[PDB]
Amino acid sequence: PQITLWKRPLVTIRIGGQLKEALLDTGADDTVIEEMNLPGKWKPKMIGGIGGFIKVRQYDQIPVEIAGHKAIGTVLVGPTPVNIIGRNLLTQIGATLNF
C-alpha cells in the first residue's frame, strides 16, 4: 500500500501470535518492541536514540507480519515509548520512500 505522512504511519503487526500497533520508522536501524513475552532465547544488548542508550533483549529470526507482509528477522524488546518497525524488516517487505 501507499502510505502518506499527515498522520503517524501506524500499522497492525502480528508477532508471537499477538496483534500490536507499530510505527514504520525509516529513521530506525532496528526494530524495537515494547516489553513482552517472546519465545526463544534472547541476548542482552544496548541501543541508542535521541536521549541516550537503553538496555534491550535481542531476539533473532522472529517471524513478524506487517500489514499482511511477512518478515523474519531480529526484534529488540525493551522500554521503548512506541513499537517501532525499523529498516531491518522494512527492507524485507520491500518498503521504499517515494517523492
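When you see a residue number, it is the position in the sequence shown, counting from 1.
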Legend entry - Residue stretch of maximal mean CA temperature factor, 2 to 10 vs 88 to 96: 2 to 10
Inset, instruction - Could you check the entry and say whether 23 to 31 or 57 to 65 has the higher mean CA B-factor? - result: 57 to 65
Inset, instruction - Name the third of the chain's ranked CA B-factors that contains residue 82, choosing lowest, middle or highest. - result: middle
Legend entry - Chain third (lowest, middle, highest) by recorded CA B-factor, residue given as residue 40: highest
Legend entry - For residue 50, the third of its chain into which the C-alpha B factor falls: highest
